[PDB]
Amino acid sequence: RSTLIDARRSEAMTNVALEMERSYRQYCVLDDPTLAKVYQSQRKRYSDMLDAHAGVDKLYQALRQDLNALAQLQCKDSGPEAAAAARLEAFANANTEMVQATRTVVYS
């Protein structure tokens with residue numbers, strides 16, 4: 049079932065995930081509504097790829116929850132809120148796990 053198109057998608061998801069965290073920390077510094085729109089656009093782009101990544108589970112469910120928990124931008128003293136920052140970190144590690152898991156199933 050899984051082809052390298054699913055591998056390219058895991059690539060692109062982690063790329064958008066880091067772009068999400070970049071926009072999040074940029075927004076908390078500058079407090080600009082346009083950056084918020086970009087962040088939700090990137091979050092929406094990640095959501096769409098996760099849907100296309102359905103199948104290919109535990110790791111899938113956790114990625115969807117982190118995506119939902121990151122829906123609102125909470126800032127505190129020019130940085131993300133502590134709970135928001137912990138979610139961003141967890142979301143990035145689940146994405147790393149997703150790349151590993153995806154790459155084993157596309158070739159074994």
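If you count by the entry's author numbering, then the sequence shown holds residues 49 to 104, 108 to 159, one letter each, in order. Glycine residues also receive a C-beta, built at the ideal position from the N, C-alpha and C atoms.
Query	Result
Are three or more beta carbon pairs between the segment 138 to 146 and the segment 113 to 126 nearer than 8 Å?	yes
Just how far apart, CA to CA, sit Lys109 and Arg56?	21 Å
Let's test the definition: count the other Cβ atoms within 10 Å of the Cβ of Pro131 and tell me whether it reaches 16, buried, or not, exposed.	buried
Checking 8 Å against the spacing of the C-beta atoms, do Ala135 and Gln125 come in under that value?	yes
Which residues in the same chain as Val64 place their Cβ atom closer than 6 Å to its Cβ, once the five residues preceding and following it in sequence are excluded?	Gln90, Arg93 and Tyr94
For the putative contact between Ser50 and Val157, defined by C-beta atoms under 8 Å, what is the C-beta separation to the nearest angstrom?	5 Å
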